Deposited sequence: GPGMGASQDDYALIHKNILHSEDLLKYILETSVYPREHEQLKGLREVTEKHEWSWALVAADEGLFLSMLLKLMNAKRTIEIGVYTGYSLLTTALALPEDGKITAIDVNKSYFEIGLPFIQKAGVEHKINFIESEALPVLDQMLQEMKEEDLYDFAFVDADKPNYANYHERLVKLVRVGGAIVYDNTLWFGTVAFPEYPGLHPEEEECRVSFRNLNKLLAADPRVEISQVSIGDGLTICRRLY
């Protein structure tokens, strides 16, 4: 027991005009027609602010092709914007493992994924990600390690996902954690006016960011795009 959240309308850029400039100039003209349709129906959804930023989407797509990723895993699908972004970026024989507790969210965006003709690349698993990742390491052979991992699910579990993913991602592969700036609230020891769960995610991200910055197993780079993201490259 015991719209409720304060971090929906706050962004990390100085100006609403600047963010709208990037979207109107650099994103929307380059957005796939099915990504546009998926984003538009998601914007009407009850959890629409969890939708990944559209400029962050194009950045993830650029990362995937520049590193020639072929096998990826996504944790946190929602309506599937970043998933469809990933699928459109990979080669036609690319494969994605998509994990989410709620497949009903996934089926909101699946028609757009189907019309985009990339559903065949996606293996959706309806479950909590942690048992799926633990079952993977039992069956994970080094020849089939993932090239790329996008983490965008339950925020407080990121550090737990990290311990599994640096063994499920190949050496030199990338793990991308979304929301590592958490609307800017991570820059302060305390932040008043937060919903209890928004406060836990703030504390969890402040701990995760120090963890990733000290983890010798990876090289990192925190990027102030969207709600922030941290790119991790496995060293060993």
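A.B. asks: Numbering the deposited sequence from 1, which residue ranges have no coordinates here?
C.D. replies: Sequence ranges with no C-alpha atoms are 1, 4-8.
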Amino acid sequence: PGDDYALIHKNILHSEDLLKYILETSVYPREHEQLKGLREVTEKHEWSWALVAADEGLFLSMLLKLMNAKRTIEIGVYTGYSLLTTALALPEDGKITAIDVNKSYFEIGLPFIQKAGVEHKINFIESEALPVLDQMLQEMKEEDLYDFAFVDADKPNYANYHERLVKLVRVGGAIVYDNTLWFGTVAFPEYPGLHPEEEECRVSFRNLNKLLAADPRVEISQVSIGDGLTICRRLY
From here on, numbers count along this sequence of modelled residues.
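A.B. asks: Do the C-alpha atoms of 12-20 or of 224-232 have the higher average B factor in the entry?
C.D. replies: Higher of the two, by average CA B-factor, is 12-20.
A.B. asks: When the C-alpha temperature factors are averaged for each of 54-62 and 39-47, which stretch ends up with the higher value in the entry?
C.D. replies: Taking the mean C-alpha B-factor of 54-62 and of 39-47, the larger value falls to 39-47.
A.B. asks: Among 77, 137, 151, 87, which carries the highest Cα B-factor?
C.D. replies: Result of the comparison over 77, 137, 151, 87: 137.
A.B. asks: Against its chain's modelled residues, does residue 115's Cα B factor rank lowest, middle or highest third?
C.D. replies: Middle third, going by the recorded CA B-factors of the chain.
A.B. asks: Sorting the chain's modelled residues by C-alpha B-factor, tell me whether residue 30 ends up in the lowest, middle or highest third.
C.D. replies: Tercile = lowest for this residue's CA B-factor.
A.B. asks: Looking at the entry's B-factor column for C-alpha atoms only, identify whether residue 158 ranks in the lowest, middle or highest third of its chain.
C.D. replies: Bottom third by C-alpha B-factor.
A.B. asks: Ranking every modelled residue in this chain by its Cα temperature factor as given in the entry, which third contains residue 72?
C.D. replies: It belongs to the lowest third of the chain when residues are ordered by C-alpha B-factor.
A.B. asks: In terms of the chain's CA B-factor thirds, is residue 82 lowest, middle or highest?
C.D. replies: Residue 82: CA B-factor falls in the lowest third of its chain.
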